[PDB]
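First come two forms of one protein chain, each written alone as structure tokens, so that there is a structure 1 and a structure 2.
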Structure 1
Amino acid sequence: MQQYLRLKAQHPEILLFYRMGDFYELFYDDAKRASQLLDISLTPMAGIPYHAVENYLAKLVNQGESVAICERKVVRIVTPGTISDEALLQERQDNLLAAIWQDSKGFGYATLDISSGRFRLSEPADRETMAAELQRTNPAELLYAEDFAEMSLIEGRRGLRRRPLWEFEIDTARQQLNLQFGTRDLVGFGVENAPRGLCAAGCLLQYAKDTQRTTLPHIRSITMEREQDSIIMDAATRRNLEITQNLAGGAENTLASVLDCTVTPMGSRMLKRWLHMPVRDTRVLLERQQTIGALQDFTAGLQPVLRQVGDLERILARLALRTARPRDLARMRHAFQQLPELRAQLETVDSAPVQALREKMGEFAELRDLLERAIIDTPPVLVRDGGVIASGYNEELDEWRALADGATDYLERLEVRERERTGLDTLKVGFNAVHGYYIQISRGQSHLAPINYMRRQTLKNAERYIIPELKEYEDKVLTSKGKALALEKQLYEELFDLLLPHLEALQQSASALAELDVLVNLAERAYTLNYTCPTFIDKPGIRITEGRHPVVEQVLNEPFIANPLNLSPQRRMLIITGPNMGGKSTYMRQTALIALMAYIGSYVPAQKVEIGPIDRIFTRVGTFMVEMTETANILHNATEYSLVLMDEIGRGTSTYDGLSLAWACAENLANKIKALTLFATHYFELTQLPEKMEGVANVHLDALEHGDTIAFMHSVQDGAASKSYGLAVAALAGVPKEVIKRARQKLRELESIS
């Protein structure tokens, strides 16, 4: 097998699937890492059935592996960040290619969604921001330069691709980007003066082009994301708020699981982007809010229609790549068929933004008519075997098919003719590749076949024959079909030519449809779930009347207790005592979720919310070392525009050390940072803080002891807690009574020394 080895060197950095019979087999080291990744056997060979290759490619690509397919020669390659095939993508998840690099002055970063064409670049100000952007974008494939210093940022990520330094040269990048966009300069994209970011994007685009060996006309724009444009959230915060991912790695019981009832896969993906990137510009937010409210009574009629539009976004990508398959065009046609009904439904909505989306939507009556005439109602997966072009679309095509059916109908008549004559009831005409057409007779009647029948194939219970008259029409059939097939294929390629001119307008439509899906959805959720429109004030503050945790309230089959919150420049930090038992943490997390939601443009779970600008949200909620590292992050980065949620810091070390640290953090947060803060603590001593500094107050939760248990109330009230419940809980758990009695005596002694 010197053939495999000599071709493997052409692709040493990538897994190589080597076709052998009805399998692709991997050898040596590739056989290893693969068995470990797909959990297939190990014989050193490993293999997968031909009919399942796409399934296994999806898994490998999902785990960051590029794969080269040898059919001999490497005829196809898939990389985790550049796929567009529906079989390899996850319907409701974004799949991004990214590139990261470090200059002396700072970071450059860029991402690309190869299906939608969404191309973004940024220039994170420091390591912490960079880490938060990596987590937020979660790239499937990440290009980085050799000369990369901070390798801790990308070390454990899947899909790492180490690239030479010359791939990050600013002049090349500019030239390449300007050529891709068809512009002289980048001023119109607002990135002309963002060199570091441009370098990242240049390497990215070159890598994408290379993986496709194709033009990428759907990539026509790039956008710059700035720090002040969005509320910043770090990995731990993002993870702790359970936005699209729960703490156990799942997808259930998350903010998205409740907010995301969109009806198309592109709308679902767009909504998840918004949730992970709340905007600060209240201009955008106000528009989103207006829209939500104006779509309330339109929601029922809109969604079932929107649902049929489907994932026009990813189909458009295969159109741009010329890989679209018959059902892609079929689904595109179906989506076009919904446009007029959507147009009619939105006509009355009094909302300027809705009217904009409506126009942006388009109609494409011509394309619709074209696809209606060209393609049959329900085409096959592939064009390969023809049968996609409808009848009446092309005369030549209708003719060859008429000829094929005529020969076909003749052979069938031949079967009945030969049948009266011979008088053999088992006589039939069949078709096979090896022998073409033939006449079959059962073994038992075969001795009666006419003398002009030529034996060609003996079966266990039959004899197949041929005659010139059979071979005559076979020719008619085959040559006619061959031409029909060839013509369908040409007509099919011609469809791309007629569609591609309108690629730009179609991308805008899918984008508008996706946004309508998101907004129609948030409209439905607000109305259905009793949300309210938050208002914005100029200075930092959060006033919530009867707020609820938007996830907990839908899951728990027990009445959710709503709670107020009044935070302002004069009431900046609340010290929260009492049992936590999930109650404090819930109250804190819901505060962050409501802020989150306010800043995505959505309605929120409350009777009333007034909220000020927020630059970042900090949530150290839920090792003493990790807890201290996360605390350091907050004290170092938070500002007076930050929302900080602290959950009992001090646990995990000595009483005096933890109390000293918590007192110090709280004081710093209240007097230096001045961030809006919810400080949950178990230290009763911290409740004296409000008597020592302005802007701090005590609230608490309590519990109710009754019968043979304890009810941990979820109601936040003013003042310090006046009870602890550790001993009550220990008593309920069965700690012997005399132990509890001693504990009680010790507790009093410890507390009274205060």
Structure 2
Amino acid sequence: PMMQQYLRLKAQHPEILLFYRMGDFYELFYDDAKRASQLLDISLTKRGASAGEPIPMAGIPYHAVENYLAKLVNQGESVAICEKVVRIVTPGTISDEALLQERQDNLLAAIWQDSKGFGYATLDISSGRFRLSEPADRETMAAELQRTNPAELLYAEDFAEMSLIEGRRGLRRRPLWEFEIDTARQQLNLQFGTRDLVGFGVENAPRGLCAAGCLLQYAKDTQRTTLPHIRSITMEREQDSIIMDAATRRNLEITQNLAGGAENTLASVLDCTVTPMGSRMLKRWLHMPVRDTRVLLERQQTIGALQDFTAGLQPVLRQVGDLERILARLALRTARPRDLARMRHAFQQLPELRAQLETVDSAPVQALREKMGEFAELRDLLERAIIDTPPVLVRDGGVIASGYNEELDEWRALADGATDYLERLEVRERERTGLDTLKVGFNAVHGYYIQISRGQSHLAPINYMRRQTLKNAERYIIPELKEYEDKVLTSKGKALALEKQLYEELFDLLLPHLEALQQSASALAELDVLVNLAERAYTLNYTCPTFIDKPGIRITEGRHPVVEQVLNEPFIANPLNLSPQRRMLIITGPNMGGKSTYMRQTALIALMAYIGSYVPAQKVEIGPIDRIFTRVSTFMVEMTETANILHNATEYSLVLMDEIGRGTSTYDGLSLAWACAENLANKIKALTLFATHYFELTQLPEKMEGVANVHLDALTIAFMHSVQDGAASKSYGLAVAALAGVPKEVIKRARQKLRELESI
């Protein structure tokens, strides 16, 4: 009967480690101890046993286990905690603030492999944000697993390309019944309360519904709740956003710099959001730029309309905090008293924001104002039910405010030491009995009593039950008074238990508003983003981009939004004109000329325009952009990226290609660079910026339509960082080499070779 209370629910998911209650020290057994002690080096022990075969043990002490949660969970392992197992922690299902990262989303994902493609579904437990997609090929699944980057990945038993999910943290093998399409529909439809999955536009996508269905059960089974925050699933269409492979996200340093850090990136410049849920939304937008023109226009309107009012809106938005992750704990019933105190504090800012946005003459602003609600009755409820600054946990007490419930206020008075009933009883009894010496008292000896002095004692009524005889007086008890003592002795207990019950009641009172509450969390997150982008555009001097109906980019005095911030010396803004009549530019000129910076700034201004933000330029006109491609074992990996561009670019794609042809012979390289420039020019007809050192490619504009020459000017070598019309005058390879420090005689002799080379 000892061991039979921990394996009760472990039989369902056997990979889960269990911190068992044993001698006020969280322990483990049956090879769970082997890992706990394997990747942590902690004390491997044995427990007393005489059944004929040995018992394995490995432990840790109480209030010295929270640091072992985050370590094992960030490692990729799951942890259950027996007390009853009142907590299961899995890498993709963490709802607690301490384990999560404030400005990074955390995902649970499930992958599937059908006889016509894959099934991929993702969920954030702390948002309720549920997505699904149908990648038909390995290369797209690779790009999806790299972008979503789940902390916990569910895969079927029969999964075929386990190479895609090899060497991954938080991996989970699952039986085929979890993925069954018929039951997945039943599960999902009922989770969203629907007859068909149309309206979410996922009904006709069965590969992804399997992965959705498996995941939904794995979330329910580990979080043991209704999961009310998960009310919808959404397919992400490629046409709906700007496609970018993992290479482009890396070369454009969107949220991560080339060295792994976060410093000196597009997000480090634009992300000045005042809430964690805002920061998270902004980073999401940067990685998924929208192709919807109206969403983008409503986004610019909010930026322009709220620019003057940032100073008043941001300190208020700061006070809202991460309502999103607070509501997730309300949905999972895990919400601590401080979560509810902070939710009230967020609610106390909605009148301010509503009053502030009231006169803003903008339909999308007025739309955010409505969506963010006010929740007048819910604010009042939390003001009345919780104390101003409550404790971290419920159990000790002191959470429920005085005045919310009279029985609590009553119970608390007996626990504090209120003697009002005793004063009332005393007057009643004295007047009732007509004995002036009658007094109500208490001693450890006989408890609560009615004392009558010897001289009146013999006239004590027949209902008085004597307990003590002193020389001066006698002391009695009555049913009424016995009943009061019992209440006084159970006071703290009853009050502590009632607090707990009234605390639960609040969840019941709050949850039927979760939908409206989730829209408010979203409205306020988004508000913080566009108010951030409003302030950024003013401070970092940005203009509103213009949308045109054909492939093309027209940038006037454009800048690199990160380089301009990093540099001490001023940024030299440059123009660009890409149109259906001028599609490809052969960018020539010296090293440190500004070729890379010019190409990347084009991709970032394009990206920013496609997040609804104002851009770093005097003026921008941009057409549809379906994809941003950068090509900016060396030759082999450059050609792999090149083949990706040639196989997937369209007339709506932006192609940035730097020095293609390097890493091979001059002839082979030139041949290859020419072939590629030719293909992207006359066959693909993408918006190409093609940086080269082969001055032979400068003959292409003379040879074909849509191609033209530009160069980075350099002046005895001074880099001017200005893009000019025409092919570059000469080669500064020897001058740059001289500046890098290459010996005089080495440069002098290389100049002699140069004479001989151009003299043949």
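We call the rigid core whatever largest set of C-alpha positions still superposes within 1.5 Å between the two forms. Reference numbering: structure 1, starting with residue 1.
The comparison between the two structures, aligned on the rigid core, picks out a single residue among 553, 415, 610, 667 whose CA moves by 2 Å or more, and that residue is 415.
After superposition on the rigid core, the Cα of residue 93 moves by less than 2 Å between the two structures.
When two forms of a protein are overlaid on their rigid core, residues whose CA moves 2 Å or more are considered shifted, and residue 435 is one of them between the two structures. After superposition on the rigid core, the Cα of residue 124 moves by 2 Å or more between the two structures. With the core fitted, the CA of residue 293 sits 0.4 Å away from its counterpart between the two structures. CA movement of residue 425 between the two structures equals 39.1 Å, with the two forms superposed on the rigid core. On rigid-core superposition between the two structures, the C-alpha of residue 740 is found to move 2.1 angstrom.
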